[PDB]
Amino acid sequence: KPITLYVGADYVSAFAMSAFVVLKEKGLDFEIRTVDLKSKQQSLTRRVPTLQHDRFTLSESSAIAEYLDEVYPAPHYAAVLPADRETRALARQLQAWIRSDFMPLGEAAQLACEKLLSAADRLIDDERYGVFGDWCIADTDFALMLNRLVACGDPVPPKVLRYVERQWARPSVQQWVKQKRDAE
C-alpha cells in the first residue's frame, strides 16, 4: 500500500526520525514529502511527522509505530515493539515519557538531567543490545534523547555512551542521516 511520510524540511525532528526508522526497519516502501516549518504546517495536530497509508492519515510517531506494527506484524515483518506483553508496556512507557517530559532540556533543567541520567544508568547494560534485549523503536528514541546528557553536569557512565553509539550506528538511522545530507 502506497505510503507517504510527511517530514520536517530540515530533517531534525527526533520524532520524524523515529517514524522513518520504523518504516525502514520494516522494509516498507515510502515517498517523503516535506513540510517547511516557519511556517507551512498551518494532519489533525498540525505537526510532523504525518503518515499517509493509502487513504488513511496519522500523526504522532508513537501512534505511527503502534499502527504499522499491527498492519505489518511479525513474523513476516520486523517488530518494532517487543513481543512480551509487559516488555511492550515498558517500551510504551519509555516512548511516552520521552515525548512528554525533559522539557527544560537551572533547578528544573538539573532535575531532568538527573532523571534522564538515572534512567540511562538503570536501563542500559553492556550485555543487552537495547534496553529490553532486542532493539525496539524505543531504543532509537532513548538514544536520541540521551544526547542531551552532553549539556548536563554529572558524569555519564561509558555503558551509556556505548549504547548511544550502538543505536546511532543502525543502518535505518544511517539512511536518515544520508537522507538529511542529500540537501545538498
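Residue numbers here begin at 1 and follow the sequence given.
According to the PDB entry, the deposited sequence runs on from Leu111 to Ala112 with no residue lacking coordinates between them. The modelled chain breaks after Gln42 and resumes at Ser43, leaving 4 to 9 residues of the deposited sequence without coordinates. 72 to 80 and 85 to 93 differ in mean CA B-factor, and the higher of the two is recorded for 72 to 80. Averaged over Cα atoms, the B-factor as recorded in the entry is higher for 32 to 40 than for the other of 32 to 40 and 114 to 122.
Based on the entry's C-alpha B-factors, the most elevated value among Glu66, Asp141, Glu60, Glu127 belongs to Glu127.
Among the modelled residues of the chain, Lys26 sits in the highest third by CA temperature factor in this PDB entry. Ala169 sits in the lowest third of its chain by CA B factor, as recorded in the PDB entry. Residue-level temperature factors show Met17 in the middle third of its chain, judged at the C-alpha atom. Remark: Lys159 belongs to the lowest third of its chain, ranked by C-alpha B-factor as recorded.
Residue-level temperature factors show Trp135 in the lowest third of its chain, judged at the C-alpha atom.
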